[PDB]
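*Asks:* Protein sequences, first through last, are from chains A and A'. A prime marks a further copy of an entry chain. Under the authors' numbering, think of the first position of the first sequence as 1, with each following residue one higher. Under the authors' numbering, think of the first position of the second sequence as 1, with each following residue one higher. Before we start, here is the structure in question, set down as structure tokens.
There are 2 protein chains.
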Amino acid sequence: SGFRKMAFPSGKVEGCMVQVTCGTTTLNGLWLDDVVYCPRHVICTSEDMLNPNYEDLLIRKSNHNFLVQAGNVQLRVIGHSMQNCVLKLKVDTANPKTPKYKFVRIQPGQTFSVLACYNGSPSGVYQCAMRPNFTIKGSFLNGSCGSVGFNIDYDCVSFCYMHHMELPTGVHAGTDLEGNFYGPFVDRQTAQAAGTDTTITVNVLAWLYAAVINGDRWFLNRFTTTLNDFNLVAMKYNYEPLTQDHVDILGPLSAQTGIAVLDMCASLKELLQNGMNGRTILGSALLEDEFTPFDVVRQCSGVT
Amino acid sequence: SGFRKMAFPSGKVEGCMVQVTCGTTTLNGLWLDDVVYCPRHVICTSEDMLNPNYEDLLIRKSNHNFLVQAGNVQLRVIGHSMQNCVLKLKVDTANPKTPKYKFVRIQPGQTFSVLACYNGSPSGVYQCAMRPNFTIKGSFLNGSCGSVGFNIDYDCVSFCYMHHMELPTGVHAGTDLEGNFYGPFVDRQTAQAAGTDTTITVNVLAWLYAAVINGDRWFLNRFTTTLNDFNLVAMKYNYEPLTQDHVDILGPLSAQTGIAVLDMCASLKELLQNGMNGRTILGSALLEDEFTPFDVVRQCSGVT
Ligand SMILES: Cc1ccncc1NC(=O)C[C@H](C)C(C)C
Ligand SMILES: Cc1ccncc1NC(=O)C[C@H](C)C(C)C
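Take a look at the structure:
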């Protein structure tokens with residue numbers, strides 16, 4: 001019992017972190033096999049970041065200009081290429097600590113762990129959700145670029161995110177491992193509109209199930225609702241419209257607890273309409289949306 | 001920018017996790033050098049846990065009864081001894097992955113990372129505080145015993161906690177690495193009184209400083225207070241009395257932001273007396289007490 005905002009164990013990802021230096025800019029790189037992946041903005045100076053011409057800036061760079069260090073070892077760079085907003089530096093040594101891994105593009109509403117790094121060194125790990133608007137509310141300072149987001153299925157690391165930018169709003173933006181930004185963002189120092197965000201409804205419901213499993217039950221009521229009725233409330237409160245695909249994914253939680261999904265929806269409706277009345281659910285005074293139904297099941301069963 | 005409940009990178013601790021089996025009980029052990037540390041209740045059966053006579057139960061066990069597995073390798077146990085509530089199993093092989101480490105007894109109010117494990121396998125990592133009453137509000141299921149709590153100072157892992165028990169209240173209790181329980185707890189299946197808990201005042205103040213550094217400033221007011229006046233409010237609201245030692249530790253945060261500690265105390269006083277008025281501070285709708293002033297400084301500067 002007990003429910004925590006748990007991150008995946010970061011060990012497998014720590015073994016992949018390197019420092020990449022180009023000119024006077026230093027950030028983090030991900031060394032998998034004989035390739036080091038890092039944000040392409042490692043090639044820019046302050047005078048360039050307003051609107052960098054990345055193709056031109058990269059042409060002034062040679063393999064020997066990318067200094068790659070894995071703590072005590074220097075990696076020999078034998079190739080460089082830009083793919084979207086990432087640089088792929090081919091090195092002459094395959095990382096001995098390369099885990100089994102996949103590069104995956106996650107969907108908005110999904111969660112992952114972030115290993116925050118500075119100068120190739122891991123500083124901490126936290127769990128977060130990809131917002132429906134494709135931003136993440138992380139904890140990143142200057143130098144944290146190149147830090148990655150991931151999920152782990154037993155022995156396989158699915159890398160889903162690489163940090164590139166802090167928007168003027170203090171929210172964060174980044175790419176998948178092919179360098180495609182999540183959301184409308186570009187790697188330029190310009191104010192950029194993040195879409196209207198919504199709360200991840202299926203996640204809040206998943207968390208309400210985690211609350212019931214773990215003893216917090218005060219929010220359960222004598223009511224039920226329909227997807228249509230619930231979706232009118234979700235609309236008023238800027239929540240994602242709930243679909244049958246969301247109800248289906250909550251099936252295991254609904255089955256374990258015996259609380260029908262639409263009955264939990266009626267508890268959620270009442271909390272949106274009345275608030276918490278100064279009470280808490282799993283140590284939180286608001287409706288948490290950073291746990292997917294998969295994360296709830298995994299945490300509640302003891303999956304390693 | 002951004003502030004998250006960050007855990008230390010778990011890599012160094014993952015390399016130490018083993019599975020310990022005795023009879024039909026399996027839990028986790030910590031393999032450091034040629035010793036494996038685990039909760040002594042690995043030697044009990046269900047018929048014993050009401051009031052185990054641990055000395056007698058251990059006398060029926062020989063080195064060969066403790067099965068220690070580090071994933072694919074079986075460790076050869078050449079000695080066993082009970083120290084307080086932990087067993088120390090001497091193995092014939094020093095762990096090649098042993099980090100530089102210390103065994104430390106933390107104080108109430110301090111924080112640490114927990115690497116939740118099942119059958120010697122890491123499942124997740126989260127940050128938590130040792131409550132002033134010596135319990136922790138973790139996320140532990142049956143099989144998680146032997147999971148450890150720790151802090152990391154660059155290359156050195158200070159192990160402070162080993163999980164032993166879930167109280168009937170769903171809160172958790174454990175020992176330091178010498179097997180001494182934090183708090184009044186005994187390793188028996190009996191209802192046990194956890195002391196009256198309080199909120200860790202210095203931590204809440206540290207978090208209010210993290211909020212100001214990161215943009216959340218709405219709670220700052222035109223007031224100030226004294227330790228005496230603030231302590232009357234802390235009394236009414238079950239907060240730890242603030243001392244000059246706490247004010248002193250907040251010095252770096254007070255210096256960086258230019259907000260005197262007693263001025264932040266007056267903001268805290270107003271939030272205790274008025275609540276949040278449906279607003280949030282760093283994504284939280286309550287006063288967070290799981291960040292020490294050290295954690296705030298480390299996260300806000302980028303320490304690896
Ligand atoms: C300053 C900072 C703090 C946290 N995360 C990231 C950053 N860096 C940036 O946003 C600048 C970067 C070159 C983009 C314009 C592509
Ligand atoms: C069931 C469980 C779930 C989470 N954490 C721990 C546990 N185990 C116990 O509390 C039983 C143990 C033998 C104590 C009586 C010493």
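The beta-carbon is built from N, C-alpha and C at its ideal position, and this holds for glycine as well.
1. Under the assumption that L242 (chain A') contacts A234 (chain A') (Cβ atoms under 8 Å), give the Cβ distance between them as a whole number of angstroms.
2. What alpha helix (DSSP H) runs, 4 residues minimum, are completely inside the segment 28-93 of chain A'?
3. So does the segment 163-181 of chain A' actually touch the segment 33-51 of chain A', counting three or more Cβ pairs closer than 8 Å?
4. Check the C-beta distance from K236 (chain A) over to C156 (chain A) and give it rounded, since I have them as a contact under 8 Å.
5. From residue 307 (chain A') to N65 (chain A'), what does the alpha carbon distance come to, in whole angstroms?
6. Taking Cβ positions only, does residue 363 (chain A') come closer than 8 Å to chain A?
7. Just reading off the alpha helix (DSSP H) that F181 (chain A) is part of, what are its end residues?
8. So, at 7 Å on beta carbons, what are the nonlocal neighbours of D263 (chain A') in its own chain, with the 5 sequence-adjacent residues on each side left out?
9. Measuring from the CB of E55 (chain A'), is there a heavy atom of ligand 2 at a distance below 7 Å?
10. Going by DSSP, what residue range makes up the beta strand (DSSP E) through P122 (chain A')?
11. If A206 (chain A) sits next to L253 (chain A), beta carbons under 8 Å apart, how far is it from one beta carbon to the other, in whole angstroms?
12. Closer than 9 Å by beta-carbon distance: list the chain A' residues that pair up with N231 (chain A), in chain order.
13. Is the beta carbon of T24 (chain A) less than 8 Å from the beta carbon of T45 (chain A)?
14. Helix or strand or just coil, what does DSSP make of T135 (chain A')?
15. For the segment 183-245 of chain A, list the alpha helix (DSSP H) runs that are entirely contained and at least 4 residues long, ordered along the chain.
16. For a test of your reading of the model: does the CB of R279 (chain A) fall under 7 Å from any non-hydrogen atom of ligand 2? Yes or no.
17. May I have a chain-ordered list of the beta strand (DSSP E) segments no shorter than 3 residues that lie completely inside the segment 144-179 of chain A'?
18. Using the three-state DSSP reduction, which class does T257 (chain A) fall into: helix, strand or coil?
19. Looking only at its chain, what residues have a beta carbon closer than 7 Å to the beta carbon of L271 (chain A'), apart from the 5 residues adjacent to it on each side?
20. Rounding to the nearest angstrom, what Cα-Cα distance links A260 (chain A') and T304 (chain A') in this structure?
21. Using 8 Å for Cβ pairs, my map puts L75 (chain A') next to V68 (chain A'). What's the rounded Cβ distance?
22. Show which residues of chain A have a CB atom less than 7 Å away from the CB atom of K5 (chain A').
23. For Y237 (chain A') and chain A, any beta-carbon pair shorter than 8 Å?
24. Using CA coordinates, which residue listed in A':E290, A':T226, A':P132 and A':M162 is at the minimum distance from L87 (chain A')?
25. Anything in the segment 97-128 of chain A' with a Cβ closer than 9 Å to a Cβ of chain A? List those residues in chain order, please.
26. Measuring from the CB of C16 (chain A'), is there a heavy atom of ligand 1 at a distance below 7 Å?
27. If I measure Cβ to Cβ from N151 (chain A') and keep anything under 6 Å in the same chain, skipping five residues before and after, which residues do I get?
28. Between the Cα of residue 309 (chain A') and those of A':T98, A':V186 and A':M165, spot the shortest distance and give me the residue it belongs to.
29. For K5 (chain A), count neighbouring C-beta atoms within 10 Å of its own C-beta (all shown protein chains included) and say buried if the count is 16 or more, exposed if not.
30. Pick from A:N133, A:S144, A:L268 and A:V296: whose alpha carbon is nearest that of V114 (chain A)?
31. Would you check whether ligand 2 has a heavy atom nearer than 7 Å to the C-beta of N28 (chain A)?
32. Taking 8 Å as the cut-off, decide whether the C-beta atoms of residue 354 (chain A) and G170 (chain A') are in contact.
*Replies:* Here's the rundown:
1. Walking along the second sequence from the start, residue 242 (chain A') turns up at place 242. Walking along the second sequence from the start, residue 234 (chain A') turns up at place 234. Confirmed, Cβ separation roughly 6 Å.
2. 54-59
3. yes
4. Position 236 of the first sequence holds residue 236 (chain A). Position 156 of the first sequence holds residue 156 (chain A). Actually they are not in contact, since the Cβ atoms of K236 (chain A) and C156 (chain A) sit about 41 Å apart, beyond 8 Å.
5. Because residue 307 (chain A') is not part of the residues shown, which for chain A' are 1 to 304, the question remains open.
6. Because chain A' here runs from 1 to 304, residue 363 (chain A') falls outside it and cannot be looked at.
7. Position 181 of the first sequence, counted from the first residue, corresponds to residue 181 (chain A). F181 (chain A) -> no alpha helix (DSSP H), and no H or E assigned at all.
8. Taking the first residue of the second sequence as 1, we reach residue 263 (chain A') at position 263. Counting only Cβ-Cβ distances below 7 Å, and skipping sequence neighbours, we find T224.
9. Residue numbering aside, residue 55 (chain A') sits at position 55 when the second sequence is read from its first letter. Incorrect: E55 (chain A') has no Cβ contact closer than 7 Å to ligand 2.
10. Translated into the one-based positions of the second sequence, residue 122 (chain A') becomes position 122. Residues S121 to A129.
11. Counted from its first residue, the first sequence places residue 206 (chain A) at position 206. Counted from its first residue, the first sequence places residue 253 (chain A) at position 253. With 8 Å as the limit, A206 (chain A) and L253 (chain A) qualify as a contact, their Cβ atoms being about 6 Å apart.
12. Stepping through the first sequence from its first residue, residue 231 (chain A) is reached at position 231. The contacting residues do not exist; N231 (chain A) stays about 24 Å from chain A' at best.
13. Within the first sequence, numbered from 1, the residue matching residue 24 (chain A) stands at position 24. Within the first sequence, numbered from 1, the residue matching residue 45 (chain A) stands at position 45. A contact, by the Cβ cut-off of 8 Å.
14. Along the second sequence, one-based indexing puts residue 135 (chain A') at 135. DSSP places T135 (chain A') in coil when its eight states are reduced to three.
15. 201-213 and 227-236
16. Stepping through the first sequence from its first residue, residue 279 (chain A) is reached at position 279. Not so, every heavy atom of ligand 2 lies at least 7 Å from the Cβ.
17. 148-153, 156-166 and 172-175
18. Working through the first sequence from its first residue, we reach residue 257 (chain A) at position 257. Of the three classes helix, strand and coil, the one that applies to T257 (chain A) here is helix, per DSSP.
19. One-based indexing of the second sequence puts residue 271 (chain A') at position 271. Closer than 7 Å at the Cβ level, and outside the excluded window around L271 (chain A'), lie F219 and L287.
20. Translated into the one-based positions of the second sequence, residue 260 (chain A') becomes position 260. Translated into the one-based positions of the second sequence, residue 304 (chain A') becomes position 304. If I take the Cα positions, the gap works out to 28 Å.
21. Taking the first residue of the second sequence as 1, we reach residue 75 (chain A') at position 75. Taking the first residue of the second sequence as 1, we reach residue 68 (chain A') at position 68. With 8 Å as the limit, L75 (chain A') and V68 (chain A') qualify as a contact, their Cβ atoms being about 4 Å apart.
22. One-based indexing of the second sequence puts residue 5 (chain A') at position 5. By Cβ distance, chain A contributes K5 and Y126.
23. Position 237 of the second sequence, counting from 1, holds the residue named residue 237 (chain A'). Judged by the 8 Å Cβ criterion, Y237 (chain A') is not in contact with chain A.
24. The count along the second sequence starts at 1 and reaches residue 87 (chain A') at position 87. Cα-wise, what sits closest to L87 (chain A') is A':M162.
25. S113, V114, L115, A116, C117, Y118, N119, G120, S121, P122, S123, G124, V125, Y126, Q127 and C128
26. Within the second sequence, residue 16 (chain A') is the residue found at index 16, counting from 1. No; taking the cut-off as 7 Å, the Cβ of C16 (chain A') has no heavy atom of ligand 1 nearer than that.
27. As a working mapping, residue 151 (chain A') is identified with position 151 in the second sequence. Closer than 6 Å at Cβ, skipping near neighbours: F112 and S158.
28. Absent from the structure is residue 309 (chain A'), since the part of chain A' shown begins at 1 and ends at 304.
29. Counting from 1 along the first sequence, the entry for residue 5 (chain A) is found at position 5. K5 (chain A) should be labelled buried.
30. For this step, residue 114 (chain A) is matched to residue 114 along the first sequence. Nearest option by C-alpha distance: A:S144.
31. Mapped onto the first sequence, residue 28 (chain A) falls at position 28. Outside the cutoff, so no.
32. An answer regarding residue 354 (chain A) cannot be provided, because it is not within the stretch 1 to 304 covered by chain A.
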